[PDB]
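One structure is given here, and the rest of the page talks about it.
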Amino acid sequence: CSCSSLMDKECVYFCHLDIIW
Amino acid sequence: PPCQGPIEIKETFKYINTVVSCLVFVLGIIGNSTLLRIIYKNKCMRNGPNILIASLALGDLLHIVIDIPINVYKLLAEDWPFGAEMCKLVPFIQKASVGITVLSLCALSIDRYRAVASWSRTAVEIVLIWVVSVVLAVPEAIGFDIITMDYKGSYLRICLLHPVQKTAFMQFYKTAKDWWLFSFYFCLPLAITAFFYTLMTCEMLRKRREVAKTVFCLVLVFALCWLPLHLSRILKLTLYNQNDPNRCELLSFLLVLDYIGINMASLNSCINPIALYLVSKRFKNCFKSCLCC
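From first to last, the protein sequence lines are chains L and R.
The numbering of the first sequence is the authors' numbering, which starts it at 1 and goes up by one.
If you use the authors' numbering, the second sequence corresponds to residues 88 to 208, 218 to 303, 318 to 403, in order.
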């Protein structure tokens with residue numbers, strides 16, 4: 001998914017668990 | 088960094104989602120394959136509006152094939168071992184299929200309006225619709241990329257819309273992907289189909319309730335089945351914060367919202383053959399003949 005940057009760990013972890021869309 | 092809570096998915100929801108996804112996948116594939124078989128085999132059924140319906144069916148079938156399996160893999164594995172190019176194409180194919188489906192719904196609504204409005208009663221439209229659908233999915237085909245991480249000890253790899261990108265327009269897409277998707281793949285087809293079907297009913301007033323009921327059911331199911339995913343993504347974009355422990359709960363709940371919404375989208379893909387059965391006598395007999403033998 002979309003994240004502000006690579007420093008926001010939780011957003012990218014959600015991207016890991018989120019659907020492909 | 089910690090939110091005062093981890094991120095995880097309940098197992099009950101996983102079981103429910105797996106069962107629902109299996110059932111909707113099977114139903115949609117059977118229905119769309121049967122519709123395509125009927126339209127292709129029967130020469131009398133090879134006609135403009137029927138070719139539009141076949142386009143919609145093929146788009147829905149390709150949409151089902153590419154979404155449910157990968158989401159099942161995500162839930163039951165929580166990994167993406169397919170490499171960068173596979174995740175480079177999957178969003179592209181997914182958005183192309185969604186565009187094909189929505190534009191085919193629009194074209195079919197236009198065709199029904201024409202059929203009911205004019206009594207004198218497609219190749220260019222289908223090619224135009226499909227080409228425009230493939231090109232609009234190009235940004236997904238150049239945008240996504242894989243990134244590595246450490247997270248509380250566990251080393252992870254995620255394929256996503258990497259925030260850092262090369263060009264100004266590519267960065268603009270990286271920033272407005274979800275807004276673009278909600279404003280094109282959902283609002284535009286909903287509005288077009290609803291308006292054209294309203295015109296069809298208005299003409300029937302100028303000149318049978320069952321067909322209007324079918325129209326209402328189709329539009330309502332489309333709305334109710336494509337709303338949840340867009341709602342989840344806009345909620346992410348709107349209520350997600352940072353630097354403070356007020357975001358992890360939202361992410362955990364958004365997992366559930368997104369998976370429910372993708373099941374509903376698959377159900378909308380599955381819906382149309384059922385309607386064309388319960389409404390059309392010709393399609394009813396065709397389904398009886400194909401399925402029962």
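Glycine included, each C-beta is placed from N, C-alpha and C at the ideal position.
Going by beta carbons, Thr218(R) and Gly146(R) fall outside the 9 Å limit. At a Cβ-Cβ threshold of 9 Å, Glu236(R) and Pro285(R) do not count as neighbours.
Annotation: the continuous beta strand (DSSP E) that includes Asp246(R) extends over 240–247. When the alpha-carbon of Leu192(R) is set against those of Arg302(R), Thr348(R), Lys273(R), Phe291(R), the nearest one is in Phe291(R). Taking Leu195(R) as reference, the option from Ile384(R), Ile140(R), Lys270(R), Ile381(R) with the minimal CA-CA separation is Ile140(R). DSSP lists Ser2(L), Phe240(R) as the bridge partner or partners of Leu257(R). The Cβ-Cβ distance between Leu148(R) and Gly115(R) falls below 9 Å. With the criterion set as a beta carbon lying under 8 Å from some beta carbon of chain L, the members of the segment 361–392 of chain R are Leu361, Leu364, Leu365, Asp368, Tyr369, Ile372, in sequence order. Nearest Cα to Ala287(R) within the set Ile197(R), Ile151(R), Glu95(R): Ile197(R).
Burial check for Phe112(R): the Cβ neighbour count within 10 Å reaches 16 or more, so the residue is buried.
Sequence-ordered contacts of the segment 90–107 of chain R with chain L read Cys90, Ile94, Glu95, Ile96 [C-beta pairs closer than 9 Å]. Legend: CB atoms of the segment 220–232 of chain R lying less than 9 Å from CB atoms of chain L are not found in any residue. Here the C-alpha atom of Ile96(R) lies approximately 14 Å from the C-alpha atom of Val159(R). With a threshold of 9 Å between beta carbons, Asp274(R) makes contact with chain L. Each of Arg392(R), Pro338(R), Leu345(R) was checked against the Cα of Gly371(R), and the nearest Cα belongs to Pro338(R). Taking 9 Å as the upper bound on Cβ-Cβ separation, chain L lies near residues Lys248, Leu252, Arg253, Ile254, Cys255, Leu256, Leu257, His258, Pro259, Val260, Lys270 of the segment 248–270 of chain R. One alpha carbon belongs to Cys403(R), the other to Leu367(R), and they sit about 40 Å apart. Of the other Cβ atoms in all chains shown, fewer than 16 fall within 10 Å of the Cβ of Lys128(R); this residue is therefore exposed. Interface residue (Cβ-Cβ distance to chain L less than 9 Å): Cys358(R) is classified as such.
Between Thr105(R) and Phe397(R), the beta carbon gap of about 28 Å keeps them out of contact (Cβ cut-off 8 Å).
Neighbours of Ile157(R) across chain L, judged by C-beta separation under 7 Å: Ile20.
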